[PDB]
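Each remark here refers to the structure printed beneath this line.
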Amino acid sequence: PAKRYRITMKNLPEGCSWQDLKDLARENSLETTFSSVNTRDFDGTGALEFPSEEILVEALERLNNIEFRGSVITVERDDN
């Protein structure tokens, strides 16, 4: 729509899953459309999408190098 973006949500010790990352994201105030998770990286990173950069910039300032129930995630723009 007004936008289309994709972000990475990742760090190193955590093979996170879509259920896990949406759980945290709702904790944190994200929602998004969806995320590319479970497939491969070091083992398991997510990569979210939304039609409006509000949600992108949010996580880039809400989830960037945050501790995730005892793991951590670093998050960033990945198609922009």
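What follows is calculated from the coordinates using simple rules that are stated; it is not laboratory data. Quick reminder, even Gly has a Cβ in these numbers, built from the backbone with ideal geometry, and neighbours come from all protein chains shown.
Pairwise over distinct Cα atoms, reciprocal of the mean inverse distance: report the Kirkwood radius of region 21-60 in Å, one decimal place.
Values: mean 1/r = 0.0934 Å⁻¹.
After inverting the pairwise mean of 1/r, the radius is 10.7 Å.
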Within the chain: Cβ-based charge dipole about Cα centre, in debye rounded to nearest 20 (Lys, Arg +1; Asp, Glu -1): 140 debye
Candidate cut points under chymotrypsin sites (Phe, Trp or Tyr not before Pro) in the chain, DSSP loop plus at most 12 other Cβ atoms within 10 Å of their own Cβ, are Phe42
Hey, got a sec? Which GluC sites (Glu not before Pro) in region 17-80 land in a DSSP loop and have at most 12 other Cβ atoms within 10 Å? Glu31
Please name whichever of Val37, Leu21, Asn11 sits farthest to the positive end of the charge dipole of region 7-46, dipole taken about the Cα centre and charges placed at Cβ: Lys and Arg +1, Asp and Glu -1. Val37
How large are Rg and Dmax for the chain when calculated on the C-alpha trace, in angstrom? 11.3, 36
